[PDB]
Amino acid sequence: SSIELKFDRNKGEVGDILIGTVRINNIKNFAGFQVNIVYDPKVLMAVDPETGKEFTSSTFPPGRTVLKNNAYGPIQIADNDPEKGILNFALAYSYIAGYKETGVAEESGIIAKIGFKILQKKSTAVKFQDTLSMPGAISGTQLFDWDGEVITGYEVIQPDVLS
């Protein structure tokens, strides 16, 4: 059981966009999440992975392949601080009792794709990181089941340094 951030490319020139994909693996009865992601904003700029449009405080990352049935009322929230190199976003079904009744949990999939535009070819790290607003998180990640309870006991797989 895990949540992972992984990059499609680990090398690039100023102006390239590295695509960081946030993925969950074998997360039982998964119904929602919140994650906190930090990067160095002098080296990388969070952007839309397809358009290069820069993230603001309210930008929710595109590209998830889970929690996509509008029947269960997905609600997405973003509260980034790009100036300070912070992404913080969350999404969950609201009608979890209806999702549960269906009995098919979406336990693996993509939850976000995030582009990071290279501002400097300087060695740099992007990582899930704990933050004051998420007490009890697992390295800045909180995953929730269709009972509305916190899920525990999964690995947080951080990406290697971007050299």
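One-based numbering along the sequence shown.
Participant: Output the stretch having the higher mean C-alpha B factor in the entry; the candidates are 128 to 136 and 95 to 103.
Facilitator: 95 to 103 has the higher mean C-alpha B-factor.
Participant: State which stretch shows the higher mean Cα B factor in the entry: 27 to 35 or 117 to 125.
Facilitator: Taking the mean B-factor of the alpha carbons in each, 117 to 125 is higher.
Participant: Please say which third, lowest, middle or highest, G153 falls into when its CA temperature factor is compared across its chain.
Facilitator: According to the entry, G153 has a C-alpha B-factor in the chain's highest third.
Participant: Is the Cα B-factor recorded for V14 in the lowest, middle or highest third of its chain?
Facilitator: According to the entry, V14 has a C-alpha B-factor in the chain's highest third.
Participant: Considering every modelled residue of the chain and its Cα B-factor in the PDB entry, is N70 in the lowest, middle or highest third?
Facilitator: As the PDB entry reports it, the C-alpha B-factor of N70 lands in the middle third of its chain.
Participant: Place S108 in the lowest, middle or highest third of its chain's C-alpha B-factors, as listed in the PDB entry.
Facilitator: Tercile = highest for this residue's CA B-factor.
Participant: For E83, does the deposited CA B-factor place it in the lowest, middle or highest third of the chain?
Facilitator: Within its chain, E83 is a highest-third residue by C-alpha B-factor, going by the deposited values.
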